[PDB]
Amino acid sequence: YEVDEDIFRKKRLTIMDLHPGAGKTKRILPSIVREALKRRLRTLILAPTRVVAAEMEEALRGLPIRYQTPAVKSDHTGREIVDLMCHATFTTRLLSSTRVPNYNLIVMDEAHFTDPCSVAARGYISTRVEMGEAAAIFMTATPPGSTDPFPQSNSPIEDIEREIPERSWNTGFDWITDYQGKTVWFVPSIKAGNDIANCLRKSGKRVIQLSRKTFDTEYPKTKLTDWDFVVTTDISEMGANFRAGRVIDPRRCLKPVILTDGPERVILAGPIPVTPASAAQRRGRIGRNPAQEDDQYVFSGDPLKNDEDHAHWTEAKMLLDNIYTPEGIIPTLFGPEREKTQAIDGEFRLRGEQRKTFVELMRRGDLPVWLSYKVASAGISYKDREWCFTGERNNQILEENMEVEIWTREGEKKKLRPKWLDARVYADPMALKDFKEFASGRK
């Protein structure tokens, strides 16, 4: 692969939108890094997930790569070194340090990731590019704005449109279990995944479940051959490689929405249709192997473009408005994503301890951006957990249709009733478990 010379020039942002599997991560990336080093550029590589980052550092092992952990706010050497980190790690460091290096070449892989930390990162990056302080490459077949759900592939894909179960089934879906080979099944939620996986397991199928929280331990198991089904949330759209012959995709997802009628709260709306980019990335899990031309994409429904009510857009602004810049400037969203919110640049900016608490609630507290923002801008200290118990009766959190009760750090049994309700902290057993740990003052 021959690298273009102009992509290393400051004020240039290159959208590397080669089709899924074309060789963006595996082939051109090491070529770009080596060429960046030759030019003595201060280089940053951004991976969507910890797993993908680990694959990058394994592949770039011969080069002066340094993986950067979010447990560390900055890490500067007096040496020629390429920094490697997750999208979210970059955004956290921007919020928590003034010692963020002045990278003049930034590569964001799987730059289609729509999680707020990634949207915020693209905002900061593009701002630096447009200010003439950096060159950046966004690697993704589906850049922000894409609407082709059936892009080019390395090998032919059989696109099959048919009814897909939303829940456990007894009969009428023989084609699912009769299939000889491996399947990746995209589900709209973890608990939808729990039910589907349970159904497949009672049929004697070996299934691995994937979600954001379990991705690190569960994904490596898919690299072995002792499995029939992967049941996964949208997280697998971000550079997850499966050696499988089929994707099952009912093209559905949950969408966080900030509601403003009465007390502000985040709900999880849907299931709703995925975006055409998401559908393409799910489909793009297969058709990757030149030697295997039998791959199937089994789908249901049309994708939906309009996602302007997605909470991730205002959450991205809450992050961006609090990002430290050398000049003191407020960075704006990436061009094509500016339309997604009506927020006035800088309206979410916090000062002093409130800004510090905002960051702490996200990184140490594991809370969503919106929820962290509401607590921090209320003037509440990080260790002060009273808000988890002082909400209105409607804010009572249920588990198995019964009221959740928590032992506090002071040793009192209080009903879990937060002042601010964000559906994501009680969306599934694991999220609730983590949030109970927060409410009981255990982190």
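All residue numbers refer to positions in the sequence shown, first residue = 1.
- Looking at mean Cα B-factors across 75-83 and 250-258, the upper value is held by 75-83.
- For the pair 107-115 and 322-330, the mean Cα B-factor is higher in 322-330.
- Sorting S278, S372, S203, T91 by the CA temperature factor given in the entry leaves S203 at the top.
- Out of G284, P263, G245, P303, it is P303 whose C-alpha atom has the highest B-factor in the PDB entry.
- In the deposited entry, the Cα temperature factor of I380 places it in the lowest third of its chain's modelled residues.
- Per the PDB record, residue ranking by Cα B-factor puts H312 in the lowest third of the chain.
- When the modelled residues of the chain are ordered by their C-alpha B factor, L421 lands in the lowest third.
- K356: CA B factor in the middle third of modelled residues in this chain (values from the PDB entry).
- Among all modelled residues in its chain, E57 ranks in the middle third by Cα B-factor.
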